[PDB]
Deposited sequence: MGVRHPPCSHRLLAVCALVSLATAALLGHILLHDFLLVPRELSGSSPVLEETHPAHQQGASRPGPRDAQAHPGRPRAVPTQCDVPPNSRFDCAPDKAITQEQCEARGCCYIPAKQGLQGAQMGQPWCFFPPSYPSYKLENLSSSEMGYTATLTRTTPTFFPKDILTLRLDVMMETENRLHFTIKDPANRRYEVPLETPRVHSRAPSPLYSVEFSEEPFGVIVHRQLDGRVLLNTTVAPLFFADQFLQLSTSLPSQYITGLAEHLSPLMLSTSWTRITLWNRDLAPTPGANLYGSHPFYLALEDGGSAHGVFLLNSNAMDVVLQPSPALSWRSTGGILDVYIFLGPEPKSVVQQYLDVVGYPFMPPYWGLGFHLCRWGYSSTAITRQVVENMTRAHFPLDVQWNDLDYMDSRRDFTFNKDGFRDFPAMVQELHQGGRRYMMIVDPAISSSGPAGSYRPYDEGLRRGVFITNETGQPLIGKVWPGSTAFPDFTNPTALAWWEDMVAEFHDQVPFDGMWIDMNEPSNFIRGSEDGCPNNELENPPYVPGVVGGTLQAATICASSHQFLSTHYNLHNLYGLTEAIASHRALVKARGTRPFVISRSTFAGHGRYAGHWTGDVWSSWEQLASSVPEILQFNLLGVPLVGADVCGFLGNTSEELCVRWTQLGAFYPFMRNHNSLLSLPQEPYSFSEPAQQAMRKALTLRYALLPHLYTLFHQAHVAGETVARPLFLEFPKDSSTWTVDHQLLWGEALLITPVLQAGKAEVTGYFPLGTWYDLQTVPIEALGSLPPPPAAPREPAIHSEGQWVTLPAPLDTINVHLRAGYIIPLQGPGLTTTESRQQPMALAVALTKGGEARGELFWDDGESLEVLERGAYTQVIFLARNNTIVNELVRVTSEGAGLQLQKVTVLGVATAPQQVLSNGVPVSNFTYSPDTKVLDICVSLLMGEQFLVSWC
């Protein structure tokens, strides 16, 4: 009865350290590990729920679940309702609820799945129809459903699982008795800790390169325990079990299927993809202007200037100080005149200590009842930057209207172009409130997940505090998401164009409203390497607008780290160099000449690729695609890609192999089966001085590891054969770069074929796709010809000038190159690199044929 294989033992004492006699009193097995693995575990006969009255409906199945024996948790719910909904051929949905009480809820034609049920003990079993593989099997462990403890377990189809943000972790999670805690917490990224966001979704790989996803729509504090059997347990402290299974079968379809439920990523403004520069320490408009002057003088592109707390009067939202920032409005107007945008920090918490009538955000907030309240009905008061603060309740419709007013009124004074929303966990410098927290079951729950500080109140507000929709106990993990939604709506109403919101704290569905940065990362080689897995993870979770503070945030960067960090960072979909108050400068212009050259090249390559990056965001927005994706998403059938997380792809075609260690002049990277062209063979124009010329022009891979030259001034980037990439001429801003002629990079297959596309619009209007205010073009290389295919042509993109076509993998020098049947003014062929470079005078929006032979 206690003869359970060690790796299949499920913990019967997750609540407390337990003696043998207590363990056996619970009706559990006690076998000490020989060296983690639980000593106290469930026998296969431990009491669970019994399935009763299973019935067929027109959507799927309904049943009653009955527990006859209570668990060791208080307030077992002995009668549950099961609903199974076969929603699409790709998406299965099942809920387990209390039929007696409404509980908190987060606000061959054939399906790819089959579902069967275990009667006693109760379990859901989901097979993949095609190969009979078991994806979900909840029979492996008892179902627990108590007022403040849900546990649902399943076998996993392999040792390969990714998701469950936000943690400092490899892309593929360890199944060695790993506890993953989802409780939004302000903490500098460190391993084994709950960080700023919670995404209760995983993607599981199966032998052969199929995959499925599971989403638990639950916003309560929870542990996810992985064991080596392999298996997984969801342990939540409230709500209901609301479970979605996505059948894929391709990993990219899993991600698309998940985003069909939580939302497709928002379309950023084009300028949002340029270079951002920030720090705490730009303590006046004069110093802030000097940053732009210094970047401009050294030929470094800069689209967006930011300010941290510096701009505020006494660290209060919707103010500016009359010392260093007296002429704030004029500074932001000047930035706009020069073709740049402005971003500034906004904190959730609102200063509560000012004299009444002297601070409108608090005075208005108090009048409209916008704030989170405590037991006695008064605003819950914490401590953040301004001192004593109340916290807005972004679940309250009146708070959304108040937020829109405060943003619009401040925007009438200073025309900021977006919002950087920090501290939205929400973060508290004290525990709970100025008045502590009451002694109740929400503040002291029977199961506390493995949160840093061992309490739900640590570095945040009281769990029993009141919000419009529910207690903070249920809503905490949404707080940042609700502010991102509020801020997104505020900016649409204020500016009338696409909003740009960067948020620290996130929940599943965040990407529909805002982007993310990975927070207070150390300026270390370790945190540099760790940023690639984290950026890839947020792309799988539908938050493609993500990056880490380029050169690191905490501590002092070195010159070499900042060169390597700027090289990889130029391939973050969101690229911002941000620096702590206590740190040495790390602006690109503050380094030695050779270091500036390397940094200038990385920024130049990024700006050249912006039309391609923008098109990748269009695909994310319209089809639920990833922008930065791991190799395994593009090559799931090659099991060598599965654990690769120190390389990334942009879309299908661009493979980035960064150096992530000090003292290295080479890097070993994995190259999936196919030809990979070195991007160094494509000509790129820069406004300033670039590094001097130093490698193999093309890598012919069978699926293998390849060592590449990677000197300090180099990052390895390869273009996949069979893809065409649109590029645009240089600029110090996107305002300048968008006016430049465009170029095509055509990577020919062995058979002489390639395909690509360009999406173009005005770069910031709302409702572009619905109004049809865009141009979409496809490029096809075949039989020594390149043509464009006009999917849509409008005023926006009509007069795009194509002036350069670079063809990679051209075997022999051509005797003639034609543009629309006429010999071209000029072309060069390199027999060494096999590159054909062609000057042309064509329009993206007008049919052309370029031919050679």
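Sequence ranges 1 to 80, 116 to 122, 195 to 203, 791 to 793 have no coordinates in this entry (deposited sequence, numbered from 1, C-alpha basis).
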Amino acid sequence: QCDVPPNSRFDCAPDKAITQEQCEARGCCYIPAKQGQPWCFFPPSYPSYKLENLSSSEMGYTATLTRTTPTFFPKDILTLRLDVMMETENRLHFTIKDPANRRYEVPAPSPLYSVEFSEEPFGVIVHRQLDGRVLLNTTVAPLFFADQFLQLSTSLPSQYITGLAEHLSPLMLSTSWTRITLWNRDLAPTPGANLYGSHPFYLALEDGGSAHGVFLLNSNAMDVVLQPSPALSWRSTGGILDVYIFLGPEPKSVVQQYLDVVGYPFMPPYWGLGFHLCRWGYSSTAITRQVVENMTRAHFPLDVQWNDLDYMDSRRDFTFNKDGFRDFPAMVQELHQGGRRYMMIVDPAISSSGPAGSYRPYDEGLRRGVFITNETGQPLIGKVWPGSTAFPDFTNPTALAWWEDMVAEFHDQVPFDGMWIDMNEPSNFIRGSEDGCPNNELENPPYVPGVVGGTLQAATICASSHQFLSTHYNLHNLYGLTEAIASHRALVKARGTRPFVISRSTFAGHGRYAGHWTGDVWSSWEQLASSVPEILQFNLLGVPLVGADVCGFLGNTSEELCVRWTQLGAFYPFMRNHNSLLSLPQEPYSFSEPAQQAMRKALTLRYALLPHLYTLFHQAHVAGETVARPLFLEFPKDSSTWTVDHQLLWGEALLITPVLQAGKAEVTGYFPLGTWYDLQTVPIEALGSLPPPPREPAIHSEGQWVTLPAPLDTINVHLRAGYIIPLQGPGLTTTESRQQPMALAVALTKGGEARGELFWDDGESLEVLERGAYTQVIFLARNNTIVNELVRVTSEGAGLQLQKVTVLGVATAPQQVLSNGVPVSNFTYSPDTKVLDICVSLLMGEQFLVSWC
From here on, numbers count along this sequence of modelled residues.
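At least a third of the other compared entries skip residue 689 while keeping the residues on either side.
Of the other compared PDB entries of this protein that include residues on both sides, at least a third leave residue 108 without atoms. The mean C-alpha temperature factor is higher for 681 to 689 when 681 to 689 and 163 to 171 are set side by side.
The stretch with the higher mean CA B factor, choosing between 217 to 225 and 695 to 703, is 695 to 703. Note on 354, 269, 197, 238: the highest value goes to 354, judged by CA B factor as recorded.
The maximum CA B-factor among the listed residues 562, 501, 543, 485, taken from the PDB record, is found at 562. Residue-level temperature factors show residue 316 in the lowest third of its chain, judged at the C-alpha atom. Among the modelled residues of its chain, residue 122 has a C-alpha B-factor that falls in the middle third, as given in the PDB entry. The PDB entry assigns residue 572 a C-alpha temperature factor belonging to the lowest third of its chain's modelled residues.
In this PDB entry, the Cα temperature factor of residue 377 sits in the middle third of its chain's modelled residues. In the deposited entry, the Cα temperature factor of residue 208 sits in the top third of values across the chain's modelled residues.
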